Amino acid sequence: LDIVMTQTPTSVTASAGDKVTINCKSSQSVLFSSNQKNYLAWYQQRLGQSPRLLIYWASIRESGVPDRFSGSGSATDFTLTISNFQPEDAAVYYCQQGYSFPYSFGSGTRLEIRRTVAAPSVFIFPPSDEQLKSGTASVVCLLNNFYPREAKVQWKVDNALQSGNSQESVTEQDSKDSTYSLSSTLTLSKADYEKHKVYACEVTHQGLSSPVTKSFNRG
Amino acid sequence: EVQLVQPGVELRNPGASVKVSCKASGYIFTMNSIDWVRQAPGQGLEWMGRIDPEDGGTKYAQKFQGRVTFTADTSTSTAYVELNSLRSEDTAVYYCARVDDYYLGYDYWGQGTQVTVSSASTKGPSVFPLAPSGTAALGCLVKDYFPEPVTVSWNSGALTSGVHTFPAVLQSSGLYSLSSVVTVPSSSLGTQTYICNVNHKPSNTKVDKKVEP
């Protein structure tokens, strides 16, 4: 044999409050005839975290799990249902069988969230005096609490656009307000940094009517 | 409550063998079997096999049989996983989850133990402040380190609201770089003291940088 777990859909996006549904179908019945118990469990995994058990016995809720989360179905077809979908519920959801060996999980299902367009609060940081000691200069640009994920950053050293010396990283969606945060870092050798006065960061997001620019003078 | 404490991370060269440990605080052994699930990067969970700590009863999923071994010591309430002939494919997060006897698995899980299969040398990070200049943003730059991860906390963990520890990026040097920030009110800059604790266990590095305006 070897039961197979099939999750539907692969990814979902819904507004705060709308009813969310995840389906999981097994290749073989996970219901045990004598105890009339379905061997199915639902889990919620977040980034940089261990999975968290929500539903067991296909319809039983775990202690401390919100009422909105509900387990349903029998034999092969199972369904996890979030009623008042909240920002906290933006995570990966897995279905797991326990009826036979080897144990099988689902492919996972990514739930997402829609929010009002939020403009980024822009911040600029010059390199620290100790970083300088050793012939390097890293300039950091901060794009705090913004939605959608799509945004543009442009470095302008003495009003001359920079290319191929910067790197950016984005955070996962926030559990509370459901926004993003971006960090761009401009890295130059001490000699190149010491050459110029002005250092500008130009941000282009749909939450901003005009491109916001944060700058500084070296010393 | 109940805690399945696994180590944070081990780095081995290819062919070398690791031994993922899992201390079971609790609760208490036994009468709770234990299984091992692995999480490759961005890919789903993959079931490796089980253990009956009662008396070392084991099962392996075909694809893990021959390369893996689960031991358990009833004395220290510690269970293990030993993977042999380490390949770059084996680079994943290894989970220690406690199996409940009815409704199968996994009420309590473990932190993860990233395993990195790399020939490269350990290197401690360089911690630099990101100085602020009615909501101000201050941070820490954890530059040039290997391997991942680094744990950044603020004010010995007392500061949690608005903290954003960014996902680490690979530099041309092959060393990772990371940055951790926090939005605070402008009013607290004169009052409050902000210090980032940085930990890198692979190189045994512990830094506490005080971020000043």
# chains A, B, ... in the order shown; residues from 1 in each chain; ligands from 1
>>> interface_residues(of="chain A", to="chain B", cutoff="6 Å", atoms="only C-alpha atoms", output="list in words")
residues 39, 50, 53, 56, 57, 98, 102, 107, 125 and 171 of chain A
>>> residues_around(residues="residue 7 in chain A", least_positions_apart="4", cutoff="7 Å", atoms="only C-alpha atoms", output="PDB file with N, CA, C and O atoms, in the first residue's frame")
ATOM      1  N   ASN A  23      -8.699  21.257   1.520  1.00  0.00           N
ATOM      2  CA  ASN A  23      -9.105  19.863   1.325  1.00  0.00           C
ATOM      3  C   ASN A  23      -7.927  18.907   1.245  1.00  0.00           C
ATOM      4  O   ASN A  23      -6.916  19.230   0.628  1.00  0.00           O
ATOM      5  N   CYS A  24      -8.059  17.731   1.874  1.00  0.00           N
ATOM      6  CA  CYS A  24      -7.024  16.696   1.887  1.00  0.00           C
ATOM      7  C   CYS A  24      -7.644  15.333   1.592  1.00  0.00           C
ATOM      8  O   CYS A  24      -8.531  14.888   2.322  1.00  0.00           O
ATOM      9  N   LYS A  25      -7.184  14.684   0.512  1.00  0.00           N
ATOM     10  CA  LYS A  25      -7.682  13.377   0.089  1.00  0.00           C
ATOM     11  C   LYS A  25      -6.603  12.306   0.152  1.00  0.00           C
ATOM     12  O   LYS A  25      -5.492  12.512  -0.338  1.00  0.00           O
ATOM     13  N   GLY A 106       0.682  15.986   3.928  1.00  0.00           N
ATOM     14  CA  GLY A 106       0.254  16.628   2.693  1.00  0.00           C
ATOM     15  C   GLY A 106       1.363  17.476   2.110  1.00  0.00           C
ATOM     16  O   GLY A 106       2.418  17.654   2.731  1.00  0.00           O
ATOM     17  N   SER A 107       1.132  18.021   0.921  1.00  0.00           N
ATOM     18  CA  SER A 107       2.121  18.862   0.249  1.00  0.00           C
ATOM     19  C   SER A 107       2.236  20.232   0.924  1.00  0.00           C
ATOM     20  O   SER A 107       3.220  20.934   0.703  1.00  0.00           O
ATOM     21  N   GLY A 108       1.227  20.566   1.717  1.00  0.00           N
ATOM     22  CA  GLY A 108       1.132  21.822   2.435  1.00  0.00           C
ATOM     23  C   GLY A 108       0.277  22.812   1.689  1.00  0.00           C
ATOM     24  O   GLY A 108       0.226  22.730   0.479  1.00  0.00           O
ATOM     25  N   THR A 109      -0.372  23.746   2.383  1.00  0.00           N
ATOM     26  CA  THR A 109      -1.229  24.734   1.730  1.00  0.00           C
ATOM     27  C   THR A 109      -1.086  26.120   2.298  1.00  0.00           C
ATOM     28  O   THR A 109      -1.468  26.377   3.393  1.00  0.00           O
TER      29      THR A 109
END
>>> atom_distance(atom1="CA of residue 7 in chain B", atom2="CA of residue 123 in chain B")
19.1 Å
>>> select_by_dssp(residues="range 3-213 of chain B", states="alpha helix (DSSP H)", output="list in words")
residues 188, 189, 190 and 191 of chain B
>>> write_last_selection(atoms="N, CA and C atoms", output="compact mmCIF listing (two decimals), in the first residue's frame")
# COMPACT_ATOMS: atom_id res chain seq x y z
N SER B 188 11.34 57.69 24.08
CA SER B 188 12.13 56.76 24.88
C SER B 188 13.63 56.74 24.61
N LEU B 189 14.11 57.45 23.56
CA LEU B 189 15.53 57.48 23.21
C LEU B 189 16.46 58.02 24.32
N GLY B 190 16.00 59.04 25.04
CA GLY B 190 16.73 59.63 26.16
C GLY B 190 16.67 58.76 27.40
N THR B 191 15.49 58.16 27.67
CA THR B 191 15.20 57.28 28.82
C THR B 191 15.84 55.88 28.69
>>> residues_around(residues="residue 13 in chain A", least_positions_apart="6", cutoff="7 Å", atoms="only C-alpha atoms", output="ChimeraX atom specification")
/A:111-114
>>> closest_atom_pairs(of="range 82-152 of chain A", to="range 192-205 of chain A", cutoff="10 Å", atoms="only C-alpha atoms", output="Markdown table")
| residue | atom | partner | partner_atom | distance |
| --- | --- | --- | --- | --- |
| A:117 | CA | A:205 | CA | 9.6 |
| A:118 | CA | A:205 | CA | 9.2 |
| A:119 | CA | A:205 | CA | 7.1 |
| A:120 | CA | A:205 | CA | 7.7 |
| A:122 | CA | A:203 | CA | 7.9 |
| A:123 | CA | A:201 | CA | 8.9 |
| A:124 | CA | A:201 | CA | 7.3 |
| A:125 | CA | A:199 | CA | 9.9 |
| A:126 | CA | A:199 | CA | 8.6 |
| A:127 | CA | A:193 | CA | 9.4 |
| A:132 | CA | A:193 | CA | 9.4 |
| A:135 | CA | A:193 | CA | 9.5 |
| A:136 | CA | A:193 | CA | 8.3 |
| A:137 | CA | A:193 | CA | 6.5 |
| A:138 | CA | A:193 | CA | 9.1 |
| A:139 | CA | A:199 | CA | 8.6 |
| A:140 | CA | A:201 | CA | 9.1 |
| A:141 | CA | A:201 | CA | 6.7 |
| A:142 | CA | A:201 | CA | 9.3 |
| A:143 | CA | A:203 | CA | 8.3 |
| A:146 | CA | A:205 | CA | 8.6 |
| A:147 | CA | A:205 | CA | 8.7 |
| A:148 | CA | A:205 | CA | 8.4 |
| A:149 | CA | A:205 | CA | 9.2 |
| A:150 | CA | A:205 | CA | 7.2 |
| A:151 | CA | A:205 | CA | 4.8 |
| A:152 | CA | A:204 | CA | 4.7 |
>>> write_last_selection(atoms="C-alpha atoms", output="tab-separated table (two decimals), in the first residue's frame")
chain	number	residue	atom	x	y	z
A	117	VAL	CA	-2.22	49.51	0.86
A	118	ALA	CA	0.26	50.68	3.54
A	119	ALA	CA	3.04	53.15	2.76
A	120	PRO	CA	6.59	52.35	4.04
A	122	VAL	CA	11.67	55.03	5.38
A	123	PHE	CA	14.90	55.13	7.49
A	124	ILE	CA	18.64	55.55	6.50
A	125	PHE	CA	21.74	54.38	8.52
A	126	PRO	CA	25.41	55.44	7.91
A	127	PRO	CA	28.33	52.97	8.60
A	132	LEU	CA	35.29	51.80	9.09
A	135	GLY	CA	38.31	49.31	5.32
A	136	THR	CA	34.62	48.63	4.71
A	137	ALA	CA	31.47	50.74	4.65
A	138	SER	CA	27.92	49.33	4.68
A	139	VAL	CA	24.97	51.71	4.32
A	140	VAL	CA	21.54	50.35	5.36
A	141	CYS	CA	18.11	51.49	4.09
A	142	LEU	CA	14.96	50.62	6.01
A	143	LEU	CA	11.47	50.08	4.55
A	146	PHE	CA	4.63	48.21	3.97
A	147	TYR	CA	1.99	46.44	1.75
A	148	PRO	CA	2.02	45.10	-1.07
A	149	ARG	CA	5.41	43.22	-1.14
A	150	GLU	CA	6.23	44.89	-4.48
A	151	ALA	CA	8.51	48.00	-3.98
A	152	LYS	CA	11.52	49.73	-5.66
>>> residues_around(residues="range 63-80 of chain B", least_positions_apart="4", cutoff="7 Å", atoms="only C-alpha atoms", output="ChimeraX atom specification")
/B:19-24,29,48,53,56,84
>>> select_by_dssp(residues="range 93-182 of chain B", states="strand (DSSP E)", output="ChimeraX atom specification")
/B:93-98,114-117,126-130,135-145,151-154,163-165,169-170,176-182
>>> write_last_selection(atoms="N, CA and C atoms", output="compact mmCIF listing (two decimals), in the first residue's frame")
# COMPACT_ATOMS: atom_id res chain seq x y z
N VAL B 93 16.35 20.54 8.16
CA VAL B 93 15.98 20.78 9.57
C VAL B 93 15.38 19.49 10.08
N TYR B 94 16.01 18.88 11.10
CA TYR B 94 15.57 17.59 11.64
C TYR B 94 14.73 17.73 12.90
N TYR B 95 13.43 17.41 12.79
CA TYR B 95 12.45 17.50 13.89
C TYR B 95 12.26 16.24 14.73
N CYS B 96 12.18 16.46 16.02
CA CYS B 96 11.95 15.49 17.07
C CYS B 96 10.56 15.80 17.58
N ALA B 97 9.61 14.93 17.24
CA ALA B 97 8.23 15.11 17.65
C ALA B 97 7.76 13.91 18.45
N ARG B 98 7.01 14.20 19.53
CA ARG B 98 6.45 13.23 20.46
C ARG B 98 5.11 12.67 19.95
N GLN B 114 19.01 22.24 12.35
CA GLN B 114 19.53 22.39 11.04
C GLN B 114 20.80 21.67 10.92
N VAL B 115 20.96 20.93 9.85
CA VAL B 115 22.20 20.24 9.59
C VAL B 115 22.76 20.77 8.29
N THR B 116 23.98 21.29 8.35
CA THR B 116 24.60 21.83 7.15
C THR B 116 25.77 20.97 6.75
N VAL B 117 25.72 20.48 5.53
CA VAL B 117 26.78 19.67 4.95
C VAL B 117 27.63 20.59 4.06
N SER B 126 30.63 40.04 12.99
CA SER B 126 31.04 41.38 13.41
C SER B 126 29.76 42.20 13.66
N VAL B 127 29.49 42.58 14.94
CA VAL B 127 28.26 43.30 15.33
C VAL B 127 28.44 44.82 15.37
N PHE B 128 27.70 45.54 14.51
CA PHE B 128 27.77 46.99 14.39
C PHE B 128 26.42 47.64 14.67
N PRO B 129 26.38 48.80 15.37
CA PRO B 129 25.09 49.45 15.61
C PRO B 129 24.56 50.18 14.37
N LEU B 130 23.23 50.31 14.31
CA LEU B 130 22.49 51.03 13.29
C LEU B 130 21.79 52.10 14.10
N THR B 135 8.41 58.16 15.80
CA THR B 135 8.83 56.77 15.88
C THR B 135 10.20 56.63 15.22
N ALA B 136 11.19 56.23 16.01
CA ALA B 136 12.56 56.05 15.56
C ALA B 136 12.86 54.57 15.36
N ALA B 137 13.79 54.28 14.44
CA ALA B 137 14.20 52.91 14.15
C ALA B 137 15.70 52.75 14.39
N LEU B 138 16.06 51.79 15.23
CA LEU B 138 17.45 51.46 15.55
C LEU B 138 17.67 49.96 15.35
N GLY B 139 18.91 49.57 15.09
CA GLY B 139 19.21 48.16 14.85
C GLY B 139 20.65 47.70 15.00
N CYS B 140 20.90 46.45 14.59
CA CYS B 140 22.20 45.80 14.64
C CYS B 140 22.53 45.16 13.33
N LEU B 141 23.78 45.30 12.92
CA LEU B 141 24.26 44.69 11.69
C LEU B 141 25.19 43.56 12.07
N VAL B 142 24.78 42.31 11.78
CA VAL B 142 25.55 41.10 12.08
C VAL B 142 26.21 40.67 10.76
N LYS B 143 27.38 41.27 10.51
CA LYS B 143 28.14 41.13 9.26
C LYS B 143 29.23 40.07 9.29
N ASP B 144 29.41 39.38 8.13
CA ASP B 144 30.43 38.36 7.83
C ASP B 144 30.53 37.20 8.81
N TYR B 145 29.72 36.15 8.60
CA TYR B 145 29.71 34.97 9.46
C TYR B 145 29.35 33.69 8.72
N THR B 151 21.29 34.11 16.44
CA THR B 151 20.09 34.47 17.20
C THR B 151 20.30 35.86 17.78
N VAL B 152 19.42 36.79 17.40
CA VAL B 152 19.49 38.17 17.85
C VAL B 152 18.29 38.47 18.73
N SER B 153 18.56 38.91 19.97
CA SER B 153 17.54 39.30 20.94
C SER B 153 17.83 40.72 21.40
N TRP B 154 16.81 41.44 21.89
CA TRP B 154 16.96 42.81 22.33
C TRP B 154 16.61 42.96 23.80
N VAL B 163 10.17 44.23 16.62
CA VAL B 163 11.49 43.68 16.29
C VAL B 163 11.39 42.93 14.96
N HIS B 164 12.32 43.23 14.04
CA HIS B 164 12.38 42.58 12.74
C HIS B 164 13.78 42.05 12.46
N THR B 165 13.98 40.73 12.65
CA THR B 165 15.27 40.11 12.35
C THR B 165 15.13 39.60 10.92
N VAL B 169 21.49 36.96 4.20
CA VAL B 169 21.84 36.97 2.79
C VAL B 169 23.26 36.51 2.57
N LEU B 170 23.47 35.80 1.46
CA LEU B 170 24.77 35.28 1.09
C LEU B 170 25.53 36.34 0.33
N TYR B 176 27.58 34.83 5.43
CA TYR B 176 26.26 35.39 5.56
C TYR B 176 26.32 36.73 6.25
N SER B 177 25.31 37.55 6.00
CA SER B 177 25.13 38.83 6.64
C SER B 177 23.65 39.01 6.90
N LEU B 178 23.37 39.59 8.06
CA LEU B 178 22.04 39.76 8.62
C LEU B 178 21.95 41.11 9.28
N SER B 179 20.72 41.57 9.50
CA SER B 179 20.43 42.83 10.16
C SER B 179 19.13 42.72 10.96
N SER B 180 19.13 43.21 12.21
CA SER B 180 17.95 43.15 13.07
C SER B 180 17.59 44.54 13.53
N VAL B 181 16.32 44.94 13.33
CA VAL B 181 15.82 46.28 13.67
C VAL B 181 14.65 46.25 14.65
N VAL B 182 14.27 47.45 15.16
CA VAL B 182 13.16 47.66 16.08
C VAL B 182 12.72 49.12 16.07
